[PDB]
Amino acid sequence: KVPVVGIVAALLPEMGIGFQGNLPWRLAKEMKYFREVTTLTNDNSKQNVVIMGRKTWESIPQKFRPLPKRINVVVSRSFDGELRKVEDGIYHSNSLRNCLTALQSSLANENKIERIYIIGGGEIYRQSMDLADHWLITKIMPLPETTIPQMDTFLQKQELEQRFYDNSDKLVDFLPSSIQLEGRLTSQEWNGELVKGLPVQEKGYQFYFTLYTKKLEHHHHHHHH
């Protein structure tokens, strides 16, 4: 019942997202977007959840975690079970899939979660293509004089574009209504792919905020008792 949204920043065209356990760039406007999207809600009585893998959590600066004003969930196979409060703001789960089931329980959640955002890292996003309802992808491109950074972790773009379509016409309506974005919706070709979304530039990069949404599915079966 709650939407599940993966949110990630990726460098085109290979959709690289990390190198040596860290992000391959430091873009304050891209961090601000991620902060505002995952923190803000349309209903001020609700919060969103951020779910992340153990190596993502260990990479977030200590003074900045758990991420404020969001319920944080960290997943590790060494943890005890599907969704356990361990500290204020912090839940631990030994299962991405079972934590999503647990968070979706209206009895547990009192209908006070608005969205669940899956915020990384590579291993977790690999497993999320069949769990997410939408992806919010910041597509990053180096500007012509900018050196492409080294990267070692990538979003699965094949499986992205099998299952989801570029729905960026609807991004501004999908984001919580109090966010305010600088760009207007723009379509630009870049190395032969269409990049569509809300543009910004920072340091040596241009990047677009984009929305992908699941493709329509045929009706093959519905379970009957």
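We number the residues from 1 along the sequence you see.
For the segment pair 67-75 and 99-107, the entry gives 99-107 the higher mean B-factor, averaged over Cα atoms. A summary of the deposited B-factors shows that, of 170-178 and 55-63, the stretch with the larger mean C-alpha value is 170-178. Residues shown: 163, 157, 35, 26. Highest C-alpha temperature factor in the entry: 26.
Residue set 84, 139, 134, 115: peak C-alpha B-factor at 84 (per PDB entry).
Sort the chain's modelled residues by C-alpha temperature factor and residue 39 lands in the middle third, per the entry. Looking at the C-alpha B-factors along this chain, the one for residue 130 belongs to the highest third. Looking at the C-alpha B-factors along this chain, the one for residue 16 belongs to the lowest third.
Per the deposited record, the Cα B-factor of residue 144 falls in the highest third when ranked against the other modelled residues of its chain.
Residue 80: CA B factor lies in the highest third for its chain, per the PDB record.
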